[PDB]
Structure formats: structure tokens, C-alpha cells
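Structure data (TSV, N, CA and C atoms and all ligand atoms) from my_file.tsv:
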```tsv
chain	number	residue	atom	x	y	z
A	1	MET	N	10.99	49.00	-54.54
A	1	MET	CA	11.79	49.91	-55.40
A	1	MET	C	11.31	51.35	-55.20
A	2	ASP	N	10.04	51.59	-55.51
A	2	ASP	CA	9.47	52.92	-55.36
A	2	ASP	C	10.44	53.97	-55.88
A	3	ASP	N	10.87	53.81	-57.13
A	3	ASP	CA	11.80	54.75	-57.74
A	3	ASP	C	11.05	55.96	-58.28
A	4	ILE	N	9.87	55.71	-58.85
A	4	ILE	CA	9.07	56.78	-59.41
A	4	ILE	C	8.94	57.93	-58.41
A	5	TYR	N	9.08	57.60	-57.13
A	5	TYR	CA	8.98	58.61	-56.08
A	5	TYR	C	10.34	59.24	-55.82
A	6	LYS	N	11.38	58.41	-55.81
A	6	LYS	CA	12.73	58.90	-55.57
A	6	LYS	C	12.97	60.20	-56.34
A	7	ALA	N	12.84	60.12	-57.66
A	7	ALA	CA	13.03	61.30	-58.50
A	7	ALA	C	12.23	62.47	-57.96
A	8	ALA	N	10.95	62.21	-57.68
A	8	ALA	CA	10.08	63.25	-57.14
A	8	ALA	C	10.67	63.82	-55.86
A	9	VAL	N	11.03	62.92	-54.95
A	9	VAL	CA	11.61	63.34	-53.68
A	9	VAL	C	12.93	64.08	-53.91
A	10	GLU	N	13.55	63.79	-55.05
A	10	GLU	CA	14.82	64.43	-55.39
A	10	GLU	C	14.56	65.82	-55.97
A	11	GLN	N	13.40	65.97	-56.60
A	11	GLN	CA	13.02	67.25	-57.20
A	11	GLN	C	12.90	68.31	-56.11
A	12	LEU	N	12.19	67.95	-55.05
A	12	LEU	CA	11.98	68.87	-53.94
A	12	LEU	C	13.31	69.47	-53.49
A	13	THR	N	13.30	70.78	-53.26
A	13	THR	CA	14.51	71.48	-52.83
A	13	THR	C	14.45	71.77	-51.33
A	14	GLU	N	15.58	72.18	-50.78
A	14	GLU	CA	15.65	72.49	-49.35
A	14	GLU	C	14.55	73.46	-48.97
A	15	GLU	N	14.03	74.18	-49.96
A	15	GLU	CA	12.96	75.14	-49.71
A	15	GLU	C	11.66	74.41	-49.37
A	16	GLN	N	11.02	73.85	-50.38
A	16	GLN	CA	9.77	73.12	-50.16
A	16	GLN	C	9.93	72.16	-48.99
A	17	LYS	N	11.14	71.64	-48.83
A	17	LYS	CA	11.43	70.71	-47.74
A	17	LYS	C	11.22	71.39	-46.39
A	18	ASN	N	12.00	72.45	-46.15
A	18	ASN	CA	11.89	73.18	-44.89
A	18	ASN	C	10.43	73.37	-44.51
A	19	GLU	N	9.71	74.16	-45.31
A	19	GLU	CA	8.30	74.41	-45.04
A	19	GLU	C	7.59	73.11	-44.68
A	20	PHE	N	8.04	72.02	-45.30
A	20	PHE	CA	7.44	70.71	-45.03
A	20	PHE	C	7.97	70.15	-43.72
A	21	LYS	N	9.29	70.01	-43.62
A	21	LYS	CA	9.90	69.49	-42.40
A	21	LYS	C	9.23	70.13	-41.19
A	22	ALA	N	8.93	71.42	-41.30
A	22	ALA	CA	8.28	72.14	-40.21
A	22	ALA	C	7.00	71.42	-39.80
A	23	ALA	N	6.14	71.17	-40.77
A	23	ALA	CA	4.89	70.47	-40.49
A	23	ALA	C	5.18	69.10	-39.90
A	24	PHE	N	6.38	68.59	-40.20
A	24	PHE	CA	6.79	67.29	-39.68
A	24	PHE	C	7.02	67.38	-38.18
A	25	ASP	N	7.25	68.61	-37.71
A	25	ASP	CA	7.49	68.84	-36.29
A	25	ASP	C	6.17	69.02	-35.55
A	26	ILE	N	5.06	68.92	-36.29
A	26	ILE	CA	3.74	69.08	-35.67
A	26	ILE	C	3.01	67.74	-35.65
A	27	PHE	N	3.12	67.00	-36.75
A	27	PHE	CA	2.48	65.70	-36.86
A	27	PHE	C	3.06	64.74	-35.82
A	28	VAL	N	4.38	64.79	-35.68
A	28	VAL	CA	5.07	63.94	-34.71
A	28	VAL	C	5.67	64.80	-33.60
A	29	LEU	N	4.96	65.87	-33.26
A	29	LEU	CA	5.42	66.79	-32.23
A	29	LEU	C	5.31	66.16	-30.84
A	30	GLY	N	4.75	64.95	-30.80
A	30	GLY	CA	4.59	64.25	-29.53
A	30	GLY	C	4.85	62.76	-29.69
A	31	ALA	N	5.43	62.39	-30.83
A	31	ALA	CA	5.74	60.99	-31.11
A	31	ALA	C	7.16	60.67	-30.68
A	32	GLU	N	7.42	59.38	-30.47
A	32	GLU	CA	8.74	58.93	-30.06
A	32	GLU	C	9.77	59.24	-31.15
A	33	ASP	N	9.48	58.80	-32.37
A	33	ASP	CA	10.39	59.04	-33.49
A	33	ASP	C	9.78	60.04	-34.47
A	34	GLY	N	9.07	59.52	-35.47
A	34	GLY	CA	8.44	60.39	-36.47
A	34	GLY	C	7.21	59.72	-37.07
A	35	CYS	N	6.59	58.85	-36.28
A	35	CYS	CA	5.39	58.15	-36.74
A	35	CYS	C	4.14	58.93	-36.37
A	36	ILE	N	3.29	59.18	-37.36
A	36	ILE	CA	2.06	59.92	-37.13
A	36	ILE	C	0.89	58.97	-36.92
A	37	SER	N	-0.09	59.43	-36.16
A	37	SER	CA	-1.28	58.63	-35.88
A	37	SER	C	-2.54	59.46	-36.06
A	38	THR	N	-3.69	58.83	-35.86
A	38	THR	CA	-4.96	59.53	-36.01
A	38	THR	C	-5.11	60.58	-34.91
A	39	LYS	N	-4.40	60.37	-33.81
A	39	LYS	CA	-4.44	61.31	-32.69
A	39	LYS	C	-3.62	62.55	-33.02
A	40	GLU	N	-2.42	62.33	-33.55
A	40	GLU	CA	-1.54	63.43	-33.91
A	40	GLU	C	-2.11	64.20	-35.10
A	41	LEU	N	-2.60	63.46	-36.09
A	41	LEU	CA	-3.18	64.08	-37.27
A	41	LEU	C	-4.12	65.22	-36.87
A	42	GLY	N	-5.24	64.85	-36.26
A	42	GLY	CA	-6.22	65.85	-35.82
A	42	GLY	C	-5.52	67.07	-35.24
A	43	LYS	N	-4.37	66.83	-34.60
A	43	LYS	CA	-3.61	67.92	-33.99
A	43	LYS	C	-3.24	68.95	-35.04
A	44	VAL	N	-2.57	68.50	-36.10
A	44	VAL	CA	-2.17	69.40	-37.18
A	44	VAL	C	-3.39	69.99	-37.86
A	45	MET	N	-4.24	69.12	-38.39
A	45	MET	CA	-5.45	69.57	-39.07
A	45	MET	C	-6.08	70.75	-38.34
A	46	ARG	N	-6.32	70.56	-37.04
A	46	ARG	CA	-6.91	71.61	-36.23
A	46	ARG	C	-6.17	72.93	-36.42
A	47	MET	N	-4.86	72.84	-36.59
A	47	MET	CA	-4.04	74.03	-36.78
A	47	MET	C	-4.03	74.45	-38.25
A	48	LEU	N	-4.66	73.64	-39.10
A	48	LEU	CA	-4.71	73.94	-40.53
A	48	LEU	C	-6.09	74.45	-40.93
A	49	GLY	N	-6.95	74.67	-39.94
A	49	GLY	CA	-8.30	75.17	-40.21
A	49	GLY	C	-9.27	74.01	-40.44
A	50	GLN	N	-8.85	72.82	-40.03
A	50	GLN	CA	-9.69	71.63	-40.19
A	50	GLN	C	-9.81	70.88	-38.87
A	51	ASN	N	-11.03	70.49	-38.53
A	51	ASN	CA	-11.27	69.76	-37.29
A	51	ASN	C	-12.02	68.46	-37.56
A	52	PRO	N	-11.30	67.44	-38.03
A	52	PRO	CA	-11.89	66.13	-38.34
A	52	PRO	C	-12.05	65.26	-37.09
A	53	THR	N	-12.49	64.02	-37.30
A	53	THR	CA	-12.68	63.09	-36.19
A	53	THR	C	-11.65	61.97	-36.26
A	54	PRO	N	-11.67	61.07	-35.28
A	54	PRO	CA	-10.74	59.93	-35.22
A	54	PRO	C	-11.17	58.77	-36.12
A	55	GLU	N	-12.41	58.84	-36.60
A	55	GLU	CA	-12.94	57.80	-37.47
A	55	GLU	C	-12.57	58.07	-38.92
A	56	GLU	N	-12.59	59.35	-39.29
A	56	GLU	CA	-12.26	59.75	-40.66
A	56	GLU	C	-10.76	59.99	-40.80
A	57	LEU	N	-10.10	60.23	-39.67
A	57	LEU	CA	-8.66	60.47	-39.68
A	57	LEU	C	-7.91	59.18	-39.99
A	58	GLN	N	-8.32	58.10	-39.33
A	58	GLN	CA	-7.67	56.81	-39.54
A	58	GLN	C	-7.50	56.53	-41.03
A	59	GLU	N	-8.48	56.97	-41.82
A	59	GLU	CA	-8.43	56.76	-43.27
A	59	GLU	C	-7.18	57.42	-43.86
A	60	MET	N	-6.62	58.36	-43.11
A	60	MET	CA	-5.42	59.07	-43.57
A	60	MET	C	-4.19	58.18	-43.37
A	61	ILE	N	-4.15	57.50	-42.23
A	61	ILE	CA	-3.03	56.62	-41.92
A	61	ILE	C	-3.15	55.31	-42.71
A	62	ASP	N	-4.37	54.78	-42.77
A	62	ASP	CA	-4.61	53.53	-43.49
A	62	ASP	C	-3.83	53.50	-44.80
A	63	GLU	N	-4.10	54.48	-45.66
A	63	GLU	CA	-3.41	54.55	-46.94
A	63	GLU	C	-1.91	54.36	-46.75
A	64	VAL	N	-1.31	55.30	-46.04
A	64	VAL	CA	0.13	55.25	-45.78
A	64	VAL	C	0.49	54.02	-44.95
A	65	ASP	N	-0.51	53.42	-44.31
A	65	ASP	CA	-0.27	52.24	-43.49
A	65	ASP	C	-0.18	50.99	-44.36
A	66	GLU	N	0.78	50.99	-45.27
A	66	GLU	CA	0.97	49.86	-46.17
A	66	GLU	C	1.64	48.70	-45.43
A	67	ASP	N	2.38	49.04	-44.38
A	67	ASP	CA	3.08	48.03	-43.59
A	67	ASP	C	2.27	47.66	-42.35
A	68	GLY	N	1.06	48.22	-42.25
A	68	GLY	CA	0.20	47.94	-41.11
A	68	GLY	C	0.89	48.32	-39.80
A	69	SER	N	1.60	49.45	-39.83
A	69	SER	CA	2.30	49.92	-38.65
A	69	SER	C	1.33	50.60	-37.68
A	70	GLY	N	0.28	51.20	-38.24
A	70	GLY	CA	-0.71	51.88	-37.42
A	70	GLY	C	-0.46	53.38	-37.40
A	71	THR	N	0.75	53.77	-37.77
A	71	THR	CA	1.12	55.19	-37.79
A	71	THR	C	1.75	55.56	-39.13
A	72	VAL	N	2.27	56.78	-39.21
A	72	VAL	CA	2.90	57.24	-40.45
A	72	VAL	C	4.31	57.75	-40.18
A	73	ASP	N	5.30	56.93	-40.50
A	73	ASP	CA	6.69	57.30	-40.30
A	73	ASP	C	7.03	58.54	-41.13
A	74	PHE	N	8.33	58.82	-41.28
A	74	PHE	CA	8.77	59.98	-42.04
A	74	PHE	C	8.82	59.69	-43.54
A	75	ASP	N	8.67	58.41	-43.89
A	75	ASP	CA	8.72	58.01	-45.30
A	75	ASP	C	7.34	58.10	-45.95
A	76	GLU	N	6.49	57.12	-45.66
A	76	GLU	CA	5.15	57.08	-46.24
A	76	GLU	C	4.51	58.47	-46.23
A	77	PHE	N	4.82	59.26	-45.21
A	77	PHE	CA	4.26	60.60	-45.11
A	77	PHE	C	4.55	61.40	-46.38
A	78	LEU	N	5.80	61.82	-46.53
A	78	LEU	CA	6.19	62.61	-47.70
A	78	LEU	C	5.61	62.02	-48.98
A	79	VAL	N	5.68	60.70	-49.11
A	79	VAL	CA	5.16	60.02	-50.29
A	79	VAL	C	3.69	60.38	-50.51
A	80	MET	N	2.87	60.10	-49.49
A	80	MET	CA	1.44	60.39	-49.58
A	80	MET	C	1.21	61.78	-50.15
A	81	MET	N	2.17	62.67	-49.94
A	81	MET	CA	2.06	64.04	-50.43
A	81	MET	C	2.35	64.10	-51.93
A	82	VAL	N	3.33	63.31	-52.36
A	82	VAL	CA	3.70	63.29	-53.77
A	82	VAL	C	2.78	62.37	-54.56
A	83	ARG	N	2.04	61.53	-53.84
A	83	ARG	CA	1.12	60.60	-54.49
A	83	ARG	C	-0.10	61.33	-55.04
A	84	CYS	N	-0.60	62.29	-54.26
A	84	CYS	CA	-1.77	63.06	-54.68
A	84	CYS	C	-1.35	64.25	-55.54
A	85	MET	N	-0.49	65.09	-54.98
A	85	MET	CA	-0.01	66.27	-55.70
A	85	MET	C	0.35	65.91	-57.14
A	86	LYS	N	1.16	64.87	-57.30
A	86	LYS	CA	1.57	64.43	-58.63
A	86	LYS	C	0.74	63.24	-59.08
A	87	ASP	N	-0.50	63.19	-58.60
A	87	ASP	CA	-1.40	62.10	-58.97
A	87	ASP	C	-2.60	62.05	-58.01
A	88	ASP	N	-3.42	63.09	-58.06
A	88	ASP	CA	-4.60	63.16	-57.20
A	88	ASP	C	-5.81	62.53	-57.89
A	89	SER	N	-6.85	62.26	-57.11
A	89	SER	CA	-8.06	61.66	-57.66
A	89	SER	C	-9.16	61.62	-56.60
B	147	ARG	N	-5.20	66.79	-53.18
B	147	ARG	CA	-5.30	68.27	-53.25
B	147	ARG	C	-4.71	68.88	-51.99
B	148	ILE	N	-3.49	68.45	-51.66
B	148	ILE	CA	-2.81	68.96	-50.46
B	148	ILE	C	-2.28	70.36	-50.71
B	149	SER	N	-3.12	71.36	-50.44
B	149	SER	CA	-2.73	72.75	-50.63
B	149	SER	C	-1.32	72.99	-50.11
B	150	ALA	N	-1.01	72.39	-48.96
B	150	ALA	CA	0.31	72.54	-48.36
B	150	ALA	C	0.39	73.83	-47.54
B	151	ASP	N	0.02	74.94	-48.18
B	151	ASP	CA	0.06	76.24	-47.50
B	151	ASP	C	-0.62	76.15	-46.14
B	152	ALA	N	-1.73	75.42	-46.09
B	152	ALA	CA	-2.48	75.27	-44.84
B	152	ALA	C	-1.55	74.85	-43.71
B	153	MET	N	-0.58	74.00	-44.03
B	153	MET	CA	0.37	73.53	-43.02
B	153	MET	C	1.17	74.69	-42.45
B	154	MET	N	1.72	75.51	-43.35
B	154	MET	CA	2.52	76.66	-42.92
B	154	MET	C	1.88	77.34	-41.72
B	155	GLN	N	0.55	77.24	-41.63
B	155	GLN	CA	-0.17	77.86	-40.52
B	155	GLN	C	0.20	77.18	-39.20
B	156	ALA	N	0.18	75.85	-39.21
B	156	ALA	CA	0.51	75.08	-38.01
B	156	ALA	C	2.00	75.20	-37.70
B	157	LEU	N	2.75	75.74	-38.65
B	157	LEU	CA	4.19	75.91	-38.47
B	157	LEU	C	4.58	77.37	-38.60
B	158	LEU	N	3.81	78.24	-37.96
B	158	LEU	CA	4.08	79.68	-38.00
B	158	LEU	C	4.27	80.22	-36.59
B	159	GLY	N	5.39	79.84	-35.97
B	159	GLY	CA	5.69	80.30	-34.62
B	159	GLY	C	5.51	79.16	-33.62
B	160	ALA	N	4.44	78.39	-33.80
B	160	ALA	CA	4.16	77.27	-32.91
B	160	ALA	C	4.41	77.66	-31.45
B	161	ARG	N	4.15	78.93	-31.14
B	161	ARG	CA	4.34	79.42	-29.78
B	161	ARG	C	5.82	79.44	-29.43
B	162	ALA	N	6.60	80.18	-30.23
B	162	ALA	CA	8.04	80.28	-29.99
B	162	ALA	C	8.33	81.36	-28.95
B	163	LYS	N	7.45	82.35	-28.88
B	163	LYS	CA	7.62	83.44	-27.93
B	163	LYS	C	7.50	82.92	-26.50
C	1	LIG	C1	-6.03	66.12	-49.58
C	1	LIG	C2	-6.96	66.43	-48.40
C	1	LIG	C3	-8.41	66.21	-48.83
C	1	LIG	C4	-6.63	65.49	-47.23
C	1	LIG	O1	-5.28	64.98	-47.39
C	1	LIG	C5	-4.47	65.01	-46.18
C	1	LIG	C6	-3.67	63.71	-46.07
C	1	LIG	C7	-2.13	64.00	-46.18
C	1	LIG	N1	-1.53	64.31	-44.85
C	1	LIG	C8	-0.57	65.44	-44.77
C	1	LIG	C9	-1.17	66.87	-44.73
C	1	LIG	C10	-2.08	67.22	-43.73
C	1	LIG	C11	-2.63	68.51	-43.70
C	1	LIG	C12	-2.26	69.45	-44.67
C	1	LIG	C13	-1.34	69.10	-45.67
C	1	LIG	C14	-0.80	67.81	-45.70
C	1	LIG	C15	-1.26	63.15	-43.96
C	1	LIG	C16	0.03	62.60	-43.91
C	1	LIG	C17	0.29	61.51	-43.07
C	1	LIG	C18	-0.74	60.96	-42.29
C	1	LIG	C19	-2.03	61.51	-42.35
C	1	LIG	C20	-2.29	62.61	-43.19
C	1	LIG	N2	-4.09	62.74	-47.11
C	1	LIG	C21	-5.52	62.30	-47.13
C	1	LIG	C22	-5.88	62.17	-48.62
C	1	LIG	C23	-4.53	62.08	-49.34
C	1	LIG	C24	-3.62	62.96	-48.50
C	2	CA	CA	2.65	52.83	-41.86
```
How would this structure read if it were set down as C-alpha cells?
Ligand SMILES: CC(C)COC[C@H](CN(Cc1ccccc1)c1ccccc1)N1CCCC1
Ligand SMILES: [Ca+2]
Amino acid sequence: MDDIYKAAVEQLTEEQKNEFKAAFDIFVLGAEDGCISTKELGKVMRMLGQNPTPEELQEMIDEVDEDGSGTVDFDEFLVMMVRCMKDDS
Amino acid sequence: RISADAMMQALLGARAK
């Protein structure tokens, strides 16, 4: 169902989206579709002023890797953002 | 604590020139 997120995803406007979609062109700037991996991640991070490793990066996909896909499609991604922002810990 | 703004950096031209 994941409706609690729908509303959230509905809240976001074309504005916050754009700025976001843009980053979407970096995470999967070398992916077939829109799935992110520990390899792509480090790519963005590095451009965000962060230079992590492949061991700590995987922990980023793991969470979103609820389907054990190994990567982060265009769905789980946005969610992971609304999961912390509107519920960090 | 996804600042978000940090991303804008990776999406600021991305070598468009
Ligand atoms: C909050 C920070 C300490 C680290 O968070 C970055 C990633 C989210 N990103 C997207 C992102 C990256 C850089 C800048 C802004 C947002 C993410 C998304 C998909 C796959 C891997 C990472 N998650 C790890 C913890 C929960 C969120
Ligand atoms: Ca996944």
C-alpha cells in the first residue's frame, strides 16, 4: 500500500521535484534504467562534498533494497528521502 | 538529515559547457 508516502510524494511540487529529478540524473547517470548502486552512489556523494567507501555505501542501498534488487530504482529512492526528512533518526 | 541542497551541487551544470 505505502499510502502514507503517496500523500507525501503528492505534496512535493514540480519545484522540489526538478531539483530532485536533477540529482536523479547523477545517481543513475550511468545506469540502464534508474537503479542506483553503491558504485553510482559514491559518484554523487563525491559531487556533494562527501567521499565514502563501497562498504559504507552499500548500507545506503540495503535500506532501500527491500526487494533485494541490489540497486535503488526510481521509487525506493524518493521514498528513502521522505522516510528520513519526514521521519529521521 | 538529507540536506538536499548538497545535491544541487552535483546538479549544477554537470559540465554542460
Ligand atoms: C542522511 C545522510 C547521513 C545520508 O543519507 C543519504 C542516503 C539517501 N540517498 C540520497 C541522497 C544522497 C546525497 C544527498 C542527498 C540525498 C540515497 C538514495 C538512494 C540510494 C542511496 C542513497 N540515505 C542514507 C541514510 C538515509 C538516507
Ligand atoms: Ca531495491
Dump as a Markdown table the rows for residues of chain A within 5 Å of ligand CA 2 (chain C): closest atom pair and distance in Å with one decimal, all atoms listed in the file counted, ordered by chain and rising residue number.
```
| residue | atom | partner | partner_atom | distance |
| --- | --- | --- | --- | --- |
| A:64 | C | C:CA2 | CA | 4.0 |
| A:65 | CA | C:CA2 | CA | 3.4 |
| A:66 | N | C:CA2 | CA | 4.3 |
| A:67 | N | C:CA2 | CA | 4.6 |
| A:68 | N | C:CA2 | CA | 4.9 |
| A:69 | N | C:CA2 | CA | 4.1 |
| A:70 | N | C:CA2 | CA | 4.6 |
| A:71 | C | C:CA2 | CA | 4.0 |
| A:72 | CA | C:CA2 | CA | 4.6 |
```
For a quick test of understanding: name the residues of chain A lying within 8 Å of chain B when counting all atoms listed in the file, and present them as a PDB file with N, CA and C atoms, in the coordinates of the input.
```pdb
ATOM      1  N   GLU A  19       9.710  74.160 -45.310  1.00  0.00           N
ATOM      2  CA  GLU A  19       8.300  74.410 -45.040  1.00  0.00           C
ATOM      3  C   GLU A  19       7.590  73.110 -44.680  1.00  0.00           C
ATOM      4  N   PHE A  20       8.040  72.020 -45.300  1.00  0.00           N
ATOM      5  CA  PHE A  20       7.440  70.710 -45.030  1.00  0.00           C
ATOM      6  C   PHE A  20       7.970  70.150 -43.720  1.00  0.00           C
ATOM      7  N   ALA A  22       8.930  71.420 -41.300  1.00  0.00           N
ATOM      8  CA  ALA A  22       8.280  72.140 -40.210  1.00  0.00           C
ATOM      9  C   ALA A  22       7.000  71.420 -39.800  1.00  0.00           C
ATOM     10  N   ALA A  23       6.140  71.170 -40.770  1.00  0.00           N
ATOM     11  CA  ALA A  23       4.890  70.470 -40.490  1.00  0.00           C
ATOM     12  C   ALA A  23       5.180  69.100 -39.900  1.00  0.00           C
ATOM     13  N   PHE A  24       6.380  68.590 -40.200  1.00  0.00           N
ATOM     14  CA  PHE A  24       6.790  67.290 -39.680  1.00  0.00           C
ATOM     15  C   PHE A  24       7.020  67.380 -38.180  1.00  0.00           C
ATOM     16  N   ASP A  25       7.250  68.610 -37.710  1.00  0.00           N
ATOM     17  CA  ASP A  25       7.490  68.840 -36.290  1.00  0.00           C
ATOM     18  C   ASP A  25       6.170  69.020 -35.550  1.00  0.00           C
ATOM     19  N   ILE A  26       5.060  68.920 -36.290  1.00  0.00           N
ATOM     20  CA  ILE A  26       3.740  69.080 -35.670  1.00  0.00           C
ATOM     21  C   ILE A  26       3.010  67.740 -35.650  1.00  0.00           C
ATOM     22  N   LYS A  43      -4.370  66.830 -34.600  1.00  0.00           N
ATOM     23  CA  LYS A  43      -3.610  67.920 -33.990  1.00  0.00           C
ATOM     24  C   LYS A  43      -3.240  68.950 -35.040  1.00  0.00           C
ATOM     25  N   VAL A  44      -2.570  68.500 -36.100  1.00  0.00           N
ATOM     26  CA  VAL A  44      -2.170  69.400 -37.180  1.00  0.00           C
ATOM     27  C   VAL A  44      -3.390  69.990 -37.860  1.00  0.00           C
ATOM     28  N   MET A  45      -4.240  69.120 -38.390  1.00  0.00           N
ATOM     29  CA  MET A  45      -5.450  69.570 -39.070  1.00  0.00           C
ATOM     30  C   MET A  45      -6.080  70.750 -38.340  1.00  0.00           C
ATOM     31  N   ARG A  46      -6.320  70.560 -37.040  1.00  0.00           N
ATOM     32  CA  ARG A  46      -6.910  71.610 -36.230  1.00  0.00           C
ATOM     33  C   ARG A  46      -6.170  72.930 -36.420  1.00  0.00           C
ATOM     34  N   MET A  47      -4.860  72.840 -36.590  1.00  0.00           N
ATOM     35  CA  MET A  47      -4.040  74.030 -36.780  1.00  0.00           C
ATOM     36  C   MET A  47      -4.030  74.450 -38.250  1.00  0.00           C
ATOM     37  N   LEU A  48      -4.660  73.640 -39.100  1.00  0.00           N
ATOM     38  CA  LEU A  48      -4.710  73.940 -40.530  1.00  0.00           C
ATOM     39  C   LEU A  48      -6.090  74.450 -40.930  1.00  0.00           C
ATOM     40  N   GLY A  49      -6.950  74.670 -39.940  1.00  0.00           N
ATOM     41  CA  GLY A  49      -8.300  75.170 -40.210  1.00  0.00           C
ATOM     42  C   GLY A  49      -9.270  74.010 -40.440  1.00  0.00           C
ATOM     43  N   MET A  81       2.170  62.670 -49.940  1.00  0.00           N
ATOM     44  CA  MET A  81       2.060  64.040 -50.430  1.00  0.00           C
ATOM     45  C   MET A  81       2.350  64.100 -51.930  1.00  0.00           C
ATOM     46  N   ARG A  83       2.040  61.530 -53.840  1.00  0.00           N
ATOM     47  CA  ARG A  83       1.120  60.600 -54.490  1.00  0.00           C
ATOM     48  C   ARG A  83      -0.100  61.330 -55.040  1.00  0.00           C
ATOM     49  N   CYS A  84      -0.600  62.290 -54.260  1.00  0.00           N
ATOM     50  CA  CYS A  84      -1.770  63.060 -54.680  1.00  0.00           C
ATOM     51  C   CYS A  84      -1.350  64.250 -55.540  1.00  0.00           C
ATOM     52  N   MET A  85      -0.490  65.090 -54.980  1.00  0.00           N
ATOM     53  CA  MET A  85      -0.010  66.270 -55.700  1.00  0.00           C
ATOM     54  C   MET A  85       0.350  65.910 -57.140  1.00  0.00           C
ATOM     55  N   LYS A  86       1.160  64.870 -57.300  1.00  0.00           N
ATOM     56  CA  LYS A  86       1.570  64.430 -58.630  1.00  0.00           C
ATOM     57  C   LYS A  86       0.740  63.240 -59.080  1.00  0.00           C
ATOM     58  N   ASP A  87      -0.500  63.190 -58.600  1.00  0.00           N
ATOM     59  CA  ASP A  87      -1.400  62.100 -58.970  1.00  0.00           C
ATOM     60  C   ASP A  87      -2.600  62.050 -58.010  1.00  0.00           C
ATOM     61  N   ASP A  88      -3.420  63.090 -58.060  1.00  0.00           N
ATOM     62  CA  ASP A  88      -4.600  63.160 -57.200  1.00  0.00           C
ATOM     63  C   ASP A  88      -5.810  62.530 -57.890  1.00  0.00           C
ATOM     64  N   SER A  89      -6.850  62.260 -57.110  1.00  0.00           N
ATOM     65  CA  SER A  89      -8.060  61.660 -57.660  1.00  0.00           C
ATOM     66  C   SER A  89      -9.160  61.620 -56.600  1.00  0.00           C
TER      67      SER A  89
END
```
> What does the distance between atom N of residue 54 in chain A and atom N of residue 21 in chain A come to in Å, to one decimal place?
Replying inline: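 Atom-to-atom, atom N of residue 54 in chain A to atom N of residue 21 in chain A, that is 24.3 Å.
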>> Give me, as JSON, numbers by chain, all polymer residues having an atom no more than 8 Å from residue 37 in chain A, counting all atoms listed in the file and skipping those fewer than 3 positions away in the same chain.
In response: {"A": [27, 28, 31, 34, 40, 41, 42, 43, 57, 58, 60, 61, 70, 71, 72, 73]}
Hey, can you spit out that residue selection with N, CA and C atoms as a PDB file, in the coordinates of the input?
```
ATOM      1  N   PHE A  27       3.120  67.000 -36.750  1.00  0.00           N
ATOM      2  CA  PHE A  27       2.480  65.700 -36.860  1.00  0.00           C
ATOM      3  C   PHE A  27       3.060  64.740 -35.820  1.00  0.00           C
ATOM      4  N   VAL A  28       4.380  64.790 -35.680  1.00  0.00           N
ATOM      5  CA  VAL A  28       5.070  63.940 -34.710  1.00  0.00           C
ATOM      6  C   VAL A  28       5.670  64.800 -33.600  1.00  0.00           C
ATOM      7  N   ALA A  31       5.430  62.390 -30.830  1.00  0.00           N
ATOM      8  CA  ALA A  31       5.740  60.990 -31.110  1.00  0.00           C
ATOM      9  C   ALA A  31       7.160  60.670 -30.680  1.00  0.00           C
ATOM     10  N   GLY A  34       9.070  59.520 -35.470  1.00  0.00           N
ATOM     11  CA  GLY A  34       8.440  60.390 -36.470  1.00  0.00           C
ATOM     12  C   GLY A  34       7.210  59.720 -37.070  1.00  0.00           C
ATOM     13  N   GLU A  40      -2.420  62.330 -33.550  1.00  0.00           N
ATOM     14  CA  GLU A  40      -1.540  63.430 -33.910  1.00  0.00           C
ATOM     15  C   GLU A  40      -2.110  64.200 -35.100  1.00  0.00           C
ATOM     16  N   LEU A  41      -2.600  63.460 -36.090  1.00  0.00           N
ATOM     17  CA  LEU A  41      -3.180  64.080 -37.270  1.00  0.00           C
ATOM     18  C   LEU A  41      -4.120  65.220 -36.870  1.00  0.00           C
ATOM     19  N   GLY A  42      -5.240  64.850 -36.260  1.00  0.00           N
ATOM     20  CA  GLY A  42      -6.220  65.850 -35.820  1.00  0.00           C
ATOM     21  C   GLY A  42      -5.520  67.070 -35.240  1.00  0.00           C
ATOM     22  N   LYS A  43      -4.370  66.830 -34.600  1.00  0.00           N
ATOM     23  CA  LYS A  43      -3.610  67.920 -33.990  1.00  0.00           C
ATOM     24  C   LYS A  43      -3.240  68.950 -35.040  1.00  0.00           C
ATOM     25  N   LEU A  57     -10.100  60.230 -39.670  1.00  0.00           N
ATOM     26  CA  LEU A  57      -8.660  60.470 -39.680  1.00  0.00           C
ATOM     27  C   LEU A  57      -7.910  59.180 -39.990  1.00  0.00           C
ATOM     28  N   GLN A  58      -8.320  58.100 -39.330  1.00  0.00           N
ATOM     29  CA  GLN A  58      -7.670  56.810 -39.540  1.00  0.00           C
ATOM     30  C   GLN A  58      -7.500  56.530 -41.030  1.00  0.00           C
ATOM     31  N   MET A  60      -6.620  58.360 -43.110  1.00  0.00           N
ATOM     32  CA  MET A  60      -5.420  59.070 -43.570  1.00  0.00           C
ATOM     33  C   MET A  60      -4.190  58.180 -43.370  1.00  0.00           C
ATOM     34  N   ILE A  61      -4.150  57.500 -42.230  1.00  0.00           N
ATOM     35  CA  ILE A  61      -3.030  56.620 -41.920  1.00  0.00           C
ATOM     36  C   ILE A  61      -3.150  55.310 -42.710  1.00  0.00           C
ATOM     37  N   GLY A  70       0.280  51.200 -38.240  1.00  0.00           N
ATOM     38  CA  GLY A  70      -0.710  51.880 -37.420  1.00  0.00           C
ATOM     39  C   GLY A  70      -0.460  53.380 -37.400  1.00  0.00           C
ATOM     40  N   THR A  71       0.750  53.770 -37.770  1.00  0.00           N
ATOM     41  CA  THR A  71       1.120  55.190 -37.790  1.00  0.00           C
ATOM     42  C   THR A  71       1.750  55.560 -39.130  1.00  0.00           C
ATOM     43  N   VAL A  72       2.270  56.780 -39.210  1.00  0.00           N
ATOM     44  CA  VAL A  72       2.900  57.240 -40.450  1.00  0.00           C
ATOM     45  C   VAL A  72       4.310  57.750 -40.180  1.00  0.00           C
ATOM     46  N   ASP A  73       5.300  56.930 -40.500  1.00  0.00           N
ATOM     47  CA  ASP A  73       6.690  57.300 -40.300  1.00  0.00           C
ATOM     48  C   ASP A  73       7.030  58.540 -41.130  1.00  0.00           C
TER      49      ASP A  73
END
```
>> So, with only C-alpha atoms and all ligand atoms as the atoms that count, which of A:55, A:32, A:75, A:10 lies closest to ligand LIG 1 (chain C)?
In response: A:75
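Here CA of residue 79 in chain A is placed at a distance of 10.8 Å from atom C14 of ligand LIG 1 (chain C).
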